[PDB]
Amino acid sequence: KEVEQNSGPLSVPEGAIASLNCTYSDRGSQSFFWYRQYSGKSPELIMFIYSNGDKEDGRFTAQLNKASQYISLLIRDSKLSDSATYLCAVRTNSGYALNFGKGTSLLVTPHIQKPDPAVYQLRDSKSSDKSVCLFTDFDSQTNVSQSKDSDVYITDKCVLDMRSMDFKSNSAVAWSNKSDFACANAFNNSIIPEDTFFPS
């Protein structure tokens, strides 16, 4: 279609340079935009560019090459708060509407200083019988697998930041309604670190 980018997701280590590219077909395109869209929100304009070369804005650099018909966004010193869908848009000629690409999901991944992979069981504060399993403190190379079983639910990995102690940790949560379920079983579908703690 008119504007091309890969969905990804693309991972970039925290602090490293993130690079996103977009190509466009209309050689008469005159302005070029990058937007960022966090989950549950609208796109926010982060940069525009309209002549060949680089435009720098803090940690962001946009690059345009009208002869090759691409635009790029570079993010220096990638932050966890930079994880978002990044959307490029082109306006052909003046005052027209924007054509958007499909968006590239970017995941900025922290280095876990002291990996301590563990699965814990958490009880409902309102009745002991219901519980959840928490896989936590694994390193950023651990993939969490989507459940096989339709009565067992497993979330994606999320990264939390305890800001005052500059501490980052990964977690995923799993739960089920069948009693057959045990937290030792819970994340077997995933290739788990061999050194994983399983107290109960």
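Sequential numbering from 1, following the sequence displayed.
Higher average CA B factor: 177 to 185, of the stretches 177 to 185 and 7 to 15. Across the two stretches, 157 to 165 and 50 to 58, the PDB entry reports the greater mean Cα temperature factor for 50 to 58. Ranking 37, 131, 170, 142 by Cα temperature factor from the entry places 142 first.
Annotation for residue 45: CA B-factor lies in the lowest third of the chain's modelled residues.
The deposited CA B-factor of residue 93 belongs to the highest third of values across its chain.
In this PDB entry, residue 31 carries a Cα temperature factor that places it within the middle third of its chain's modelled residues. Per the PDB record, residue ranking by Cα B-factor puts residue 147 in the highest third of the chain. In the deposited entry, the Cα temperature factor of residue 121 sits in the middle third of values across the chain's modelled residues.
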